[PDB]
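**Q** So here's entry-v7.txt (compact mmCIF, N, CA and C atoms).
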# COMPACT_ATOMS: atom_id res chain seq x y z
N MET A 1 194.38 -222.36 -153.13
CA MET A 1 193.82 -222.97 -154.35
C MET A 1 192.81 -222.01 -154.99
N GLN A 2 192.48 -222.27 -156.26
CA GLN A 2 191.44 -221.51 -156.97
C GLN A 2 190.09 -222.21 -156.83
N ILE A 3 189.06 -221.41 -156.57
CA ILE A 3 187.66 -221.84 -156.79
C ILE A 3 186.98 -220.81 -157.69
N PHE A 4 185.83 -221.19 -158.19
CA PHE A 4 185.03 -220.35 -159.09
C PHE A 4 183.72 -220.00 -158.41
N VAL A 5 183.23 -218.81 -158.73
CA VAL A 5 181.92 -218.32 -158.24
C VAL A 5 181.16 -217.81 -159.45
N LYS A 6 180.00 -218.38 -159.69
CA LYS A 6 179.06 -217.88 -160.72
C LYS A 6 178.33 -216.67 -160.13
N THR A 7 178.45 -215.53 -160.78
CA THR A 7 177.97 -214.24 -160.23
C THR A 7 176.55 -213.97 -160.75
N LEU A 8 176.03 -212.80 -160.43
CA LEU A 8 174.59 -212.49 -160.67
C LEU A 8 174.24 -212.52 -162.16
N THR A 9 175.22 -212.37 -163.05
CA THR A 9 175.00 -212.36 -164.52
C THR A 9 175.34 -213.72 -165.15
N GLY A 10 175.76 -214.69 -164.35
CA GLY A 10 176.18 -216.01 -164.84
C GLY A 10 177.63 -216.00 -165.33
N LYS A 11 178.34 -214.87 -165.24
CA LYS A 11 179.81 -214.83 -165.45
C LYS A 11 180.48 -215.60 -164.30
N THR A 12 181.69 -216.10 -164.52
CA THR A 12 182.46 -216.87 -163.53
C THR A 12 183.61 -215.97 -163.07
N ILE A 13 183.76 -215.78 -161.76
CA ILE A 13 184.98 -215.17 -161.19
C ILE A 13 185.81 -216.26 -160.51
N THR A 14 187.09 -215.98 -160.36
CA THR A 14 188.07 -216.90 -159.75
C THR A 14 188.56 -216.27 -158.45
N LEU A 15 188.50 -217.03 -157.36
CA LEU A 15 189.05 -216.62 -156.05
C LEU A 15 190.23 -217.51 -155.66
N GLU A 16 191.17 -216.92 -154.96
CA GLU A 16 192.21 -217.66 -154.21
C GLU A 16 191.70 -217.86 -152.80
N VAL A 17 191.60 -219.12 -152.41
CA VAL A 17 191.09 -219.51 -151.08
C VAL A 17 191.97 -220.62 -150.50
N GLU A 18 191.82 -220.88 -149.22
CA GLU A 18 192.41 -222.06 -148.57
C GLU A 18 191.27 -222.96 -148.12
N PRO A 19 191.51 -224.28 -148.01
CA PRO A 19 190.48 -225.19 -147.52
C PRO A 19 189.92 -224.80 -146.14
N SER A 20 190.75 -224.15 -145.33
CA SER A 20 190.39 -223.70 -143.97
C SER A 20 189.64 -222.37 -143.98
N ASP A 21 189.44 -221.73 -145.13
CA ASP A 21 188.66 -220.48 -145.17
C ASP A 21 187.21 -220.78 -144.80
N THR A 22 186.64 -219.91 -143.97
CA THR A 22 185.21 -219.98 -143.62
C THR A 22 184.40 -219.37 -144.75
N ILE A 23 183.13 -219.74 -144.77
CA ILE A 23 182.20 -219.16 -145.77
C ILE A 23 182.10 -217.64 -145.54
N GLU A 24 182.11 -217.16 -144.30
CA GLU A 24 182.06 -215.70 -144.05
C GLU A 24 183.30 -215.04 -144.69
N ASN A 25 184.45 -215.69 -144.63
CA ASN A 25 185.67 -215.14 -145.27
C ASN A 25 185.45 -215.09 -146.79
N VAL A 26 184.92 -216.16 -147.35
CA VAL A 26 184.69 -216.22 -148.82
C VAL A 26 183.70 -215.12 -149.24
N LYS A 27 182.65 -214.89 -148.46
CA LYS A 27 181.71 -213.80 -148.79
C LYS A 27 182.43 -212.45 -148.78
N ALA A 28 183.37 -212.25 -147.87
CA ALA A 28 184.14 -210.99 -147.87
C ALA A 28 184.98 -210.88 -149.15
N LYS A 29 185.54 -211.98 -149.62
CA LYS A 29 186.32 -211.96 -150.89
C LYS A 29 185.37 -211.63 -152.05
N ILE A 30 184.16 -212.16 -152.03
CA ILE A 30 183.17 -211.86 -153.09
C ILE A 30 182.78 -210.39 -153.02
N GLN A 31 182.59 -209.84 -151.82
CA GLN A 31 182.29 -208.39 -151.68
C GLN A 31 183.35 -207.55 -152.40
N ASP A 32 184.63 -207.88 -152.20
CA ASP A 32 185.74 -207.14 -152.85
C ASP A 32 185.57 -207.16 -154.37
N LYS A 33 185.12 -208.28 -154.94
CA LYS A 33 185.06 -208.42 -156.42
C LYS A 33 183.72 -207.97 -157.00
N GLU A 34 182.62 -208.11 -156.27
CA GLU A 34 181.25 -207.88 -156.83
C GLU A 34 180.56 -206.67 -156.18
N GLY A 35 181.04 -206.17 -155.04
CA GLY A 35 180.44 -205.00 -154.36
C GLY A 35 179.11 -205.32 -153.68
N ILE A 36 178.83 -206.60 -153.45
CA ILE A 36 177.61 -207.02 -152.71
C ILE A 36 178.02 -207.29 -151.27
N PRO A 37 177.37 -206.64 -150.29
CA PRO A 37 177.72 -206.87 -148.89
C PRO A 37 177.47 -208.33 -148.50
N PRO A 38 178.30 -208.90 -147.61
CA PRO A 38 178.08 -210.29 -147.18
C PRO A 38 176.66 -210.60 -146.72
N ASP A 39 176.00 -209.68 -146.02
CA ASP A 39 174.65 -209.95 -145.47
C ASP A 39 173.60 -209.97 -146.59
N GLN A 40 173.98 -209.68 -147.84
CA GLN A 40 173.09 -209.73 -149.02
C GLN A 40 173.43 -210.92 -149.91
N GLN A 41 174.41 -211.73 -149.53
CA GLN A 41 174.89 -212.88 -150.33
C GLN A 41 174.34 -214.19 -149.78
N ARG A 42 173.76 -215.00 -150.66
CA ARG A 42 173.52 -216.44 -150.42
C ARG A 42 174.54 -217.19 -151.27
N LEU A 43 175.32 -218.07 -150.68
CA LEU A 43 176.30 -218.90 -151.43
C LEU A 43 175.77 -220.33 -151.48
N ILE A 44 175.67 -220.89 -152.67
CA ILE A 44 175.07 -222.22 -152.94
C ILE A 44 176.16 -223.14 -153.49
N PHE A 45 176.22 -224.37 -153.00
CA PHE A 45 177.12 -225.41 -153.54
C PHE A 45 176.32 -226.71 -153.54
N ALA A 46 176.36 -227.44 -154.64
CA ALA A 46 175.72 -228.77 -154.76
C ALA A 46 174.22 -228.61 -154.44
N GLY A 47 173.64 -227.46 -154.78
CA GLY A 47 172.20 -227.17 -154.59
C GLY A 47 171.77 -226.83 -153.18
N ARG A 48 172.68 -226.59 -152.24
CA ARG A 48 172.27 -226.17 -150.88
C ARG A 48 173.05 -224.91 -150.48
N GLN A 49 172.42 -224.15 -149.62
CA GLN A 49 173.02 -222.91 -149.11
C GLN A 49 174.04 -223.23 -148.02
N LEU A 50 175.17 -222.55 -148.09
CA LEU A 50 176.28 -222.73 -147.15
C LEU A 50 176.12 -221.80 -145.95
N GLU A 51 176.52 -222.31 -144.79
CA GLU A 51 176.49 -221.55 -143.53
C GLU A 51 177.84 -220.87 -143.27
N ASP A 52 177.80 -219.68 -142.70
CA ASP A 52 178.96 -218.76 -142.60
C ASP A 52 180.14 -219.34 -141.81
N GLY A 53 179.88 -220.14 -140.79
CA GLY A 53 180.90 -220.60 -139.84
C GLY A 53 181.67 -221.83 -140.32
N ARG A 54 181.14 -222.54 -141.29
CA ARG A 54 181.80 -223.74 -141.84
C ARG A 54 182.98 -223.34 -142.73
N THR A 55 183.95 -224.23 -142.85
CA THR A 55 185.04 -224.07 -143.82
C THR A 55 184.61 -224.59 -145.18
N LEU A 56 185.35 -224.22 -146.21
CA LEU A 56 185.15 -224.80 -147.53
C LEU A 56 185.30 -226.32 -147.41
N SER A 57 186.30 -226.82 -146.68
CA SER A 57 186.54 -228.29 -146.65
C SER A 57 185.41 -229.00 -145.89
N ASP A 58 184.70 -228.31 -145.00
CA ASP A 58 183.55 -228.91 -144.29
C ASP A 58 182.44 -229.26 -145.29
N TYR A 59 182.42 -228.64 -146.46
CA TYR A 59 181.44 -228.91 -147.54
C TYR A 59 182.08 -229.72 -148.68
N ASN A 60 183.31 -230.18 -148.47
CA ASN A 60 184.10 -230.94 -149.47
C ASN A 60 184.22 -230.12 -150.74
N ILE A 61 184.31 -228.80 -150.61
CA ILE A 61 184.66 -227.90 -151.74
C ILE A 61 186.15 -228.07 -152.02
N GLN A 62 186.49 -228.31 -153.29
CA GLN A 62 187.81 -228.73 -153.80
C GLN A 62 188.38 -227.64 -154.71
N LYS A 63 189.64 -227.79 -155.08
CA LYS A 63 190.23 -227.00 -156.18
C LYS A 63 189.27 -227.05 -157.37
N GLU A 64 188.96 -225.88 -157.92
CA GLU A 64 188.20 -225.68 -159.18
C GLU A 64 186.75 -226.12 -159.01
N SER A 65 186.27 -226.21 -157.76
CA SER A 65 184.82 -226.28 -157.48
C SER A 65 184.18 -224.95 -157.88
N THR A 66 182.89 -224.99 -158.20
CA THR A 66 182.10 -223.80 -158.56
C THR A 66 181.02 -223.58 -157.51
N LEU A 67 181.00 -222.40 -156.92
CA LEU A 67 179.90 -221.95 -156.03
C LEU A 67 178.98 -221.03 -156.83
N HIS A 68 177.76 -220.88 -156.37
CA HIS A 68 176.79 -219.96 -157.00
C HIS A 68 176.45 -218.84 -156.03
N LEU A 69 176.55 -217.60 -156.50
CA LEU A 69 176.13 -216.42 -155.72
C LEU A 69 174.70 -216.05 -156.10
N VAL A 70 173.88 -215.83 -155.08
CA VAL A 70 172.46 -215.39 -155.23
C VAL A 70 172.29 -214.17 -154.33
N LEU A 71 171.59 -213.17 -154.82
CA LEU A 71 171.31 -211.94 -154.05
C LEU A 71 170.10 -212.20 -153.16
N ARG A 72 170.22 -211.87 -151.88
CA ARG A 72 169.03 -211.80 -150.99
C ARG A 72 168.07 -210.72 -151.50
N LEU A 73 166.80 -211.04 -151.67
CA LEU A 73 165.80 -210.06 -152.18
C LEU A 73 164.95 -209.50 -151.03
N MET B 1 164.28 -200.18 -125.76
CA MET B 1 163.40 -201.34 -126.03
C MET B 1 164.09 -202.65 -125.64
N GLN B 2 163.30 -203.69 -125.49
CA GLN B 2 163.75 -205.02 -125.05
C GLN B 2 163.91 -205.89 -126.28
N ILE B 3 165.06 -206.53 -126.43
CA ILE B 3 165.22 -207.67 -127.36
C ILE B 3 165.74 -208.86 -126.57
N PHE B 4 165.64 -210.02 -127.19
CA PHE B 4 166.09 -211.28 -126.60
C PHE B 4 167.30 -211.78 -127.36
N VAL B 5 168.16 -212.50 -126.65
CA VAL B 5 169.29 -213.23 -127.28
C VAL B 5 169.27 -214.66 -126.78
N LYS B 6 169.27 -215.61 -127.70
CA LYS B 6 169.46 -217.04 -127.36
C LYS B 6 170.96 -217.27 -127.25
N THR B 7 171.39 -217.69 -126.06
CA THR B 7 172.82 -217.83 -125.71
C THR B 7 173.33 -219.21 -126.13
N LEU B 8 174.59 -219.50 -125.83
CA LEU B 8 175.23 -220.75 -126.34
C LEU B 8 174.53 -222.02 -125.83
N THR B 9 173.78 -221.95 -124.74
CA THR B 9 173.05 -223.13 -124.20
C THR B 9 171.60 -223.16 -124.65
N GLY B 10 171.16 -222.16 -125.40
CA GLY B 10 169.75 -222.01 -125.78
C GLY B 10 168.92 -221.29 -124.72
N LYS B 11 169.51 -220.88 -123.59
CA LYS B 11 168.86 -219.98 -122.60
C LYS B 11 168.60 -218.63 -123.30
N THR B 12 167.55 -217.92 -122.92
CA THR B 12 167.33 -216.55 -123.47
C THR B 12 167.67 -215.54 -122.38
N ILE B 13 168.35 -214.50 -122.80
CA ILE B 13 168.58 -213.27 -122.00
C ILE B 13 167.87 -212.11 -122.68
N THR B 14 167.67 -211.06 -121.91
CA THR B 14 167.10 -209.78 -122.39
C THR B 14 168.24 -208.76 -122.51
N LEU B 15 168.20 -207.94 -123.55
CA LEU B 15 169.05 -206.74 -123.66
C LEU B 15 168.16 -205.51 -123.73
N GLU B 16 168.62 -204.41 -123.14
CA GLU B 16 168.03 -203.07 -123.34
C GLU B 16 168.82 -202.40 -124.45
N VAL B 17 168.13 -202.08 -125.54
CA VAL B 17 168.76 -201.52 -126.76
C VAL B 17 167.89 -200.39 -127.30
N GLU B 18 168.45 -199.64 -128.23
CA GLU B 18 167.68 -198.68 -129.05
C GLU B 18 167.80 -199.13 -130.50
N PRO B 19 166.81 -198.79 -131.37
CA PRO B 19 166.92 -199.12 -132.79
C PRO B 19 168.17 -198.59 -133.49
N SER B 20 168.72 -197.51 -132.94
CA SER B 20 169.94 -196.86 -133.48
C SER B 20 171.20 -197.58 -133.02
N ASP B 21 171.11 -198.57 -132.12
CA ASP B 21 172.32 -199.30 -131.69
C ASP B 21 172.91 -200.08 -132.87
N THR B 22 174.21 -199.98 -133.05
CA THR B 22 174.95 -200.79 -134.03
C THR B 22 175.01 -202.23 -133.52
N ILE B 23 175.27 -203.14 -134.44
CA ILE B 23 175.49 -204.55 -134.07
C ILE B 23 176.78 -204.65 -133.24
N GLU B 24 177.81 -203.86 -133.53
CA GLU B 24 179.03 -203.89 -132.68
C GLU B 24 178.64 -203.51 -131.25
N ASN B 25 177.79 -202.50 -131.05
CA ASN B 25 177.33 -202.12 -129.69
C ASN B 25 176.59 -203.29 -129.05
N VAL B 26 175.69 -203.92 -129.79
CA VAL B 26 174.93 -205.08 -129.27
C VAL B 26 175.89 -206.22 -128.86
N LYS B 27 176.93 -206.50 -129.63
CA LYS B 27 177.90 -207.53 -129.24
C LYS B 27 178.60 -207.13 -127.94
N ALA B 28 178.91 -205.86 -127.75
CA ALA B 28 179.52 -205.43 -126.48
C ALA B 28 178.53 -205.66 -125.31
N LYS B 29 177.24 -205.43 -125.52
CA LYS B 29 176.23 -205.66 -124.47
C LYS B 29 176.17 -207.16 -124.16
N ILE B 30 176.29 -208.01 -125.18
CA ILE B 30 176.32 -209.48 -125.01
C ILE B 30 177.58 -209.86 -124.24
N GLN B 31 178.72 -209.25 -124.55
CA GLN B 31 179.96 -209.52 -123.79
C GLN B 31 179.75 -209.26 -122.30
N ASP B 32 179.05 -208.18 -121.96
CA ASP B 32 178.82 -207.82 -120.54
C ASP B 32 178.05 -208.93 -119.83
N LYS B 33 177.11 -209.56 -120.53
CA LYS B 33 176.24 -210.60 -119.93
C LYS B 33 176.85 -212.00 -120.01
N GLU B 34 177.55 -212.34 -121.09
CA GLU B 34 177.96 -213.75 -121.38
C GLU B 34 179.48 -213.95 -121.30
N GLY B 35 180.27 -212.88 -121.32
CA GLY B 35 181.74 -212.98 -121.21
C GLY B 35 182.41 -213.49 -122.48
N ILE B 36 181.72 -213.44 -123.62
CA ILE B 36 182.31 -213.81 -124.93
C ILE B 36 182.74 -212.52 -125.61
N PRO B 37 184.04 -212.39 -125.97
CA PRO B 37 184.48 -211.17 -126.66
C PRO B 37 183.74 -210.96 -127.97
N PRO B 38 183.50 -209.69 -128.37
CA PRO B 38 182.79 -209.44 -129.62
C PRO B 38 183.39 -210.14 -130.85
N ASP B 39 184.71 -210.26 -130.92
CA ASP B 39 185.36 -210.86 -132.09
C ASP B 39 185.16 -212.38 -132.13
N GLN B 40 184.55 -212.96 -131.10
CA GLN B 40 184.23 -214.41 -131.07
C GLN B 40 182.72 -214.63 -131.19
N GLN B 41 181.96 -213.58 -131.46
CA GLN B 41 180.49 -213.69 -131.57
C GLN B 41 180.06 -213.62 -133.04
N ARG B 42 179.21 -214.54 -133.45
CA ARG B 42 178.37 -214.40 -134.66
C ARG B 42 176.94 -214.15 -134.17
N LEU B 43 176.32 -213.08 -134.62
CA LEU B 43 174.93 -212.76 -134.25
C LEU B 43 174.03 -213.05 -135.47
N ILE B 44 173.00 -213.86 -135.29
CA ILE B 44 172.11 -214.36 -136.37
C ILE B 44 170.69 -213.85 -136.11
N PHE B 45 170.04 -213.35 -137.14
CA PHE B 45 168.61 -212.98 -137.10
C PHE B 45 167.99 -213.38 -138.44
N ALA B 46 166.82 -214.01 -138.41
CA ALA B 46 166.08 -214.43 -139.62
C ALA B 46 166.99 -215.30 -140.48
N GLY B 47 167.83 -216.12 -139.84
CA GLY B 47 168.67 -217.10 -140.54
C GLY B 47 169.90 -216.51 -141.20
N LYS B 48 170.22 -215.23 -141.00
CA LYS B 48 171.45 -214.66 -141.60
C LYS B 48 172.28 -213.95 -140.55
N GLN B 49 173.57 -213.89 -140.82
CA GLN B 49 174.53 -213.22 -139.93
C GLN B 49 174.45 -211.71 -140.11
N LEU B 50 174.43 -210.98 -139.00
CA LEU B 50 174.40 -209.51 -138.96
C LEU B 50 175.81 -208.93 -139.03
N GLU B 51 175.92 -207.82 -139.75
CA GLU B 51 177.18 -207.06 -139.89
C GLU B 51 177.29 -205.96 -138.82
N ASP B 52 178.49 -205.75 -138.32
CA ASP B 52 178.78 -204.90 -137.15
C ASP B 52 178.39 -203.44 -137.36
N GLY B 53 178.52 -202.94 -138.58
CA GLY B 53 178.35 -201.50 -138.82
C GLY B 53 176.90 -201.10 -139.05
N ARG B 54 175.99 -202.06 -139.17
CA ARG B 54 174.55 -201.78 -139.36
C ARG B 54 173.91 -201.58 -138.00
N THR B 55 172.79 -200.86 -137.97
CA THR B 55 171.96 -200.74 -136.76
C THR B 55 170.95 -201.88 -136.70
N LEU B 56 170.40 -202.06 -135.51
CA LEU B 56 169.23 -202.95 -135.36
C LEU B 56 168.13 -202.53 -136.35
N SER B 57 167.91 -201.21 -136.51
CA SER B 57 166.89 -200.62 -137.40
C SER B 57 167.11 -201.08 -138.84
N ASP B 58 168.37 -201.22 -139.23
CA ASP B 58 168.71 -201.57 -140.62
C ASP B 58 168.22 -202.99 -140.96
N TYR B 59 168.05 -203.85 -139.97
CA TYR B 59 167.59 -205.25 -140.14
C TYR B 59 166.11 -205.38 -139.79
N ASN B 60 165.45 -204.25 -139.51
CA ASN B 60 164.03 -204.20 -139.11
C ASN B 60 163.84 -205.09 -137.88
N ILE B 61 164.82 -205.08 -136.97
CA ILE B 61 164.74 -205.76 -135.65
C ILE B 61 163.89 -204.89 -134.73
N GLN B 62 162.86 -205.47 -134.13
CA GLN B 62 161.89 -204.68 -133.34
C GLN B 62 161.88 -205.16 -131.90
N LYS B 63 161.10 -204.49 -131.07
CA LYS B 63 160.89 -204.94 -129.68
C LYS B 63 160.51 -206.43 -129.70
N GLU B 64 161.13 -207.18 -128.80
CA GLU B 64 160.83 -208.61 -128.53
C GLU B 64 161.36 -209.50 -129.64
N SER B 65 162.10 -208.97 -130.61
CA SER B 65 162.85 -209.81 -131.56
C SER B 65 163.86 -210.67 -130.78
N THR B 66 164.14 -211.87 -131.29
CA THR B 66 165.13 -212.79 -130.70
C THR B 66 166.29 -212.96 -131.68
N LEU B 67 167.49 -212.63 -131.22
CA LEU B 67 168.74 -212.85 -131.99
C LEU B 67 169.34 -214.16 -131.48
N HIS B 68 170.20 -214.77 -132.26
CA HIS B 68 170.90 -216.02 -131.90
C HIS B 68 172.39 -215.73 -131.81
N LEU B 69 172.99 -216.07 -130.68
CA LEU B 69 174.45 -215.98 -130.49
C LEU B 69 175.07 -217.32 -130.84
N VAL B 70 176.09 -217.27 -131.69
CA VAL B 70 176.91 -218.46 -132.06
C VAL B 70 178.38 -218.11 -131.80
N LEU B 71 179.11 -219.07 -131.29
CA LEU B 71 180.54 -218.89 -131.02
C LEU B 71 181.29 -219.07 -132.34
N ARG B 72 182.16 -218.12 -132.66
CA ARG B 72 183.13 -218.30 -133.76
C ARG B 72 184.00 -219.51 -133.47
N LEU B 73 183.81 -220.51 -134.31
CA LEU B 73 184.61 -221.73 -134.47
C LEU B 73 184.60 -221.98 -135.98
N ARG B 74 185.75 -222.30 -136.57
CA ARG B 74 185.76 -222.94 -137.92
C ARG B 74 185.01 -224.25 -137.83
N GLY B 75 184.05 -224.48 -138.72
CA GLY B 75 183.16 -225.66 -138.65
C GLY B 75 181.87 -225.33 -137.93
Just dump the structure as structure tokens.

**A**
Amino acid sequence: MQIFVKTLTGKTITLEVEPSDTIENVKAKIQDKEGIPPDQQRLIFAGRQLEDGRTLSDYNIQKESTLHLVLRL
Amino acid sequence: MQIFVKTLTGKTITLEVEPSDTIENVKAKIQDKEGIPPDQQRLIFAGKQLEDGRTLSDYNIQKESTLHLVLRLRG
């Protein structure tokens, strides 16, 4: 399925993911598109930070859900 | 130098490491003590997951720092 990620400039990118993808897998997909290493990425959904070991479906992330990318400072 | 690792039960072990040790090397040292293969280990420090190709030095991990071992499980 497709999900969206709001990037550091507020532009939206589109990823192909599965409900069983872990957040660590999703951060690797974001690294491919944005060039930010996973250990520098905070991923936010519904106003909370996601943990690396959970799946997208563990957070009830759906088709065409939007995640937010934040850079670790 | 000495660092600590909190294991899957919350017990702490000690590792002998150098600041130049990679995280992949540290996972191999954890395998020797805990019997968990490196590809099944998530190593956490300061609330974030460490990447294999970085050194302890790259995360400013110092003597007596405590890392957290988590088992790779979806969920």

**Q** Please determine the contact residues of chain B with respect to chain A at a cut-off of 7 Å, counting only C-alpha atoms, and supply them as a list in words.

**A**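 Therefore, the residues near the partner are residues 48, 49, 50, 51, 72, 73, 74 and 75 of chain B.
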
**Q** Identify, with DSSP run on backbone atoms, the residues in chain A assigned to strand (DSSP E), and express the list as a count of residues only.

**A** 23

**Q** Give me, as a CSV table (one decimal) with N, CA and C atoms, in the frame of the given file, all polymer residues having an atom no more than 12 Å from segment 31-39 of chain B, counting only C-alpha atoms and skipping those fewer than 5 positions away in the same chain.

**A**
chain,number,residue,atom,x,y,z
B,5,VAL,N,168.2,-212.5,-126.6
B,5,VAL,CA,169.3,-213.2,-127.3
B,5,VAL,C,169.3,-214.7,-126.8
B,6,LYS,N,169.3,-215.6,-127.7
B,6,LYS,CA,169.5,-217.0,-127.4
B,6,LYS,C,171.0,-217.3,-127.2
B,7,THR,N,171.4,-217.7,-126.1
B,7,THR,CA,172.8,-217.8,-125.7
B,7,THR,C,173.3,-219.2,-126.1
B,8,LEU,N,174.6,-219.5,-125.8
B,8,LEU,CA,175.2,-220.8,-126.3
B,8,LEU,C,174.5,-222.0,-125.8
B,9,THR,N,173.8,-222.0,-124.7
B,9,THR,CA,173.0,-223.1,-124.2
B,9,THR,C,171.6,-223.2,-124.6
B,11,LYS,N,169.5,-220.9,-123.6
B,11,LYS,CA,168.9,-220.0,-122.6
B,11,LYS,C,168.6,-218.6,-123.3
B,12,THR,N,167.6,-217.9,-122.9
B,12,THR,CA,167.3,-216.6,-123.5
B,12,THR,C,167.7,-215.5,-122.4
B,13,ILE,N,168.4,-214.5,-122.8
B,13,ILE,CA,168.6,-213.3,-122.0
B,13,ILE,C,167.9,-212.1,-122.7
B,14,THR,N,167.7,-211.1,-121.9
B,14,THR,CA,167.1,-209.8,-122.4
B,14,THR,C,168.2,-208.8,-122.5
B,15,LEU,N,168.2,-207.9,-123.6
B,15,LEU,CA,169.0,-206.7,-123.7
B,15,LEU,C,168.2,-205.5,-123.7
B,16,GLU,N,168.6,-204.4,-123.1
B,16,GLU,CA,168.0,-203.1,-123.3
B,16,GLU,C,168.8,-202.4,-124.4
B,23,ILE,N,175.3,-203.1,-134.4
B,23,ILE,CA,175.5,-204.6,-134.1
B,23,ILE,C,176.8,-204.6,-133.2
B,24,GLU,N,177.8,-203.9,-133.5
B,24,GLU,CA,179.0,-203.9,-132.7
B,24,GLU,C,178.6,-203.5,-131.2
B,25,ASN,N,177.8,-202.5,-131.0
B,25,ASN,CA,177.3,-202.1,-129.7
B,25,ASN,C,176.6,-203.3,-129.0
B,26,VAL,N,175.7,-203.9,-129.8
B,26,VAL,CA,174.9,-205.1,-129.3
B,26,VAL,C,175.9,-206.2,-128.9
B,51,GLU,N,175.9,-207.8,-139.8
B,51,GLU,CA,177.2,-207.1,-139.9
B,51,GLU,C,177.3,-206.0,-138.8
B,52,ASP,N,178.5,-205.8,-138.3
B,52,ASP,CA,178.8,-204.9,-137.2
B,52,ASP,C,178.4,-203.4,-137.4
B,69,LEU,N,173.0,-216.1,-130.7
B,69,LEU,CA,174.4,-216.0,-130.5
B,69,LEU,C,175.1,-217.3,-130.8
B,70,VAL,N,176.1,-217.3,-131.7
B,70,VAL,CA,176.9,-218.5,-132.1
B,70,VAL,C,178.4,-218.1,-131.8
B,71,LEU,N,179.1,-219.1,-131.3
B,71,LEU,CA,180.5,-218.9,-131.0
B,71,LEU,C,181.3,-219.1,-132.3
B,72,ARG,N,182.2,-218.1,-132.7
B,72,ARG,CA,183.1,-218.3,-133.8
B,72,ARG,C,184.0,-219.5,-133.5
B,73,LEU,N,183.8,-220.5,-134.3
B,73,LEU,CA,184.6,-221.7,-134.5
B,73,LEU,C,184.6,-222.0,-136.0

**Q** Would you pick out the contacts of residue 43 of chain A at 6 Å or less, using all atoms listed in the file, so that residues sharing its chain but fewer than 5 positions from it are not included, and give the list as a PyMOL selection string?

**A** chain A and resi 48-50+68-70

**Q** Please extract the residues of chain B with a backbone DSSP assignment of helix (DSSP H, G or I) and present them as a list in words.

**A**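 These are the residues in question: residues 23, 24, 25, 26, 27, 28, 29, 30, 31, 32, 33, 34, 38, 39, 40, 57, 58 and 59 of chain B.
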
**Q** Please, what distance in Å, to one decimal, runs between atom N of residue 27 of chain A and atom N of residue 18 of chain B?

**A**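 Computing the Euclidean distance for atom N of residue 27 of chain A and atom N of residue 18 of chain B yields 29.0 Å.
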
**Q** Report, in Å to a single decimal, how far apart atom CA of residue 36 of chain A and atom CA of residue 65 of chain A are.

**A** 21.1 Å

**Q** How many Å separate atom N of residue 63 of chain A from atom CA of residue 15 of chain A?

**A**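 These two atoms are separated by 11.2 Å.
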